[PDB]
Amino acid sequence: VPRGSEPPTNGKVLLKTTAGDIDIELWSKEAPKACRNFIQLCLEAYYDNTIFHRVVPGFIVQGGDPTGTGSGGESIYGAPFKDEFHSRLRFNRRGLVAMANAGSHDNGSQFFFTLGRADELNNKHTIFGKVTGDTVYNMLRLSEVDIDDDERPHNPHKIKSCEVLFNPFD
């Protein structure tokens, strides 16, 4: 049993992006609100044709804003929803999927992938999924971009489509 061993995932989403396919396994037991939100938005096409508008080298690449501006996007709930943390879901490696926010209990639609560690985000951002080992390279390629001074890529990568491969709420 490795240190930092994570609970089993349940739920799978496939993003078809301009950097390749990215396969996300979901922690639906530990972060049910975030997982339900992500699945439903995925199903409703809400993430289709959306950009990855923010890249911080070695830290995060962030997307999920239907406006592409960095400030838009809303949850399925009619208001931003609560954080969901778990002591076994930690920012101790690259390839995790977490919700963006601008404070406590402020989850909307924007989410990000971790490009490195981000321990300082532990207990601040909901971690709701992880990228499969065999799609991490494509996830990292989202960050392989020339960037402006507001962390915006000159030519952002995009999600063409999102599909739910296994829906744990069915």
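Residues carry their position along the shown sequence, with the first being 1.
Annotation for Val136: CA B-factor lies in the middle third of the chain's modelled residues.
Annotation for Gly64: C-alpha temperature factor in the lowest third relative to the rest of the modelled chain, per the entry. Ranked within its chain, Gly116 lands in the middle third, by CA B factor from the PDB record. For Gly129, the recorded CA temperature factor ranks within the lowest third of the chain's modelled residues. In this PDB entry, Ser109 carries a Cα temperature factor that places it within the lowest third of its chain's modelled residues.
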